Every structure is written in C-alpha cells, then in structure tokens.
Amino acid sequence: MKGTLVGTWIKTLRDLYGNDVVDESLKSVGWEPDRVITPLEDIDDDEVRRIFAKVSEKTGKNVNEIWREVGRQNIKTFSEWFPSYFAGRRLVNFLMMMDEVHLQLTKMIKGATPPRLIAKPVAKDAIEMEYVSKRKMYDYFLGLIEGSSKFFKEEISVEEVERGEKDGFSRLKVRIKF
C-alpha cells in the first residue's frame, strides 16, 4: 500500500475514532504512535490489516464496517491533501477521472498495482463503475463513493450490478444513479 494513502488513513482514523484508539493501534504493530507516513514509503498490507483489526477490537465495530466508514470519511481527508482534484468539479466528473488519477499517483511505483476504476455511461443519467483489484476492498470502495456523494452534496443511487473473482483479481461493478 502506498505511503501517501496509508497516511490519509491514519488521519481519517483519528478523525473517526480518536487519538487514543489510533495511538494504541499503531503501537500494537510496533510503530511510533505519532509516526508520519511519507509518500516515499511502502506499507506492508498485513501491517494495515493488523492496525485495522486492533481498531475493530477497540471500537467493537466489525472490520468491514470500519472500512466503509473510513471510505466515506477519507474523501474529506483527500479534499484537504489534494484540493485540485475537487475544486470546480462535479461528482460525475470526479468519479469519471478516478481511474486516471490512480494511474497518475502510482506510476513510478513498480510493481504498480493500482485499483482499476473505469467508469462508463450506460444511459443518459447514469454510470457503471467497475472496481478491479487483487485487494478485494469492496467496503472501502463503496465507502469512498458514498463519501464523494456526501462531499459534493449530490444524492445518488448505488446498486451492485456484478461481482467476481478470477486469476487472483477481484471485481465489483456498480450502477450509480443521479
């Protein structure tokens, strides 16, 4: 997992569950409580799991619920770290550029394993967006979309169109109705 992203997660966790829950979770995997993760670093995805497992144990929330909440809230954190992605833009525009954005933010990191997020028009008033990744981060994905709707003040309708697992890759396709 890319450093900058995990950095946004720590902040978002603090925003959601408080400094003590987070400080404690970070210590449990052996980090400094106030560690600042830099864009440079590569965080073991299993360390992330364990941090999140601790958060779950401390809050009493199921880990998948944590991911959902982290997804919704992280949009807000993004809008502060990367304001140009949000400024003078519509939700549709935002969602549609996402696939490109993730290629851009990842492409001196090899092996570059960024999630695919191709969005397409499938009628006059809606998109299909397909998440594709070995990581199987469905709740996070759905959370971010809810967070984007929240952020742009645009109520949307989200329905799962299909799901799949092949050759190591997981996929989830949804229909987003404005």
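Throughout, we count residues from 1 along the sequence that is shown.
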Entry B factor averaged over C-alpha atoms, 10-18 against 156-164: higher for 156-164
Selected stretch [higher average CA B-factor]: 122-130 or 23-31
122-130
Considering only 136, 110, 116, 68, which residue's Cα atom bears the greatest B-factor as recorded?
110
Which third, lowest, middle or highest, does the C-alpha temperature factor of residue 105 belong to within its own chain?
middle
Quick tally, chain-level thirds of C-alpha B-factors: residue 82 sits in the middle
What third of its chain, lowest, middle or highest, does the C-alpha temperature factor of residue 143 fall into?
lowest
Taking only the Cα B-factors deposited for this chain, tell me whether residue 37 sits in the lowest, middle or highest third.
lowest
Assigned third (lowest, middle, highest) for the C-alpha B factor of residue 97:
middle
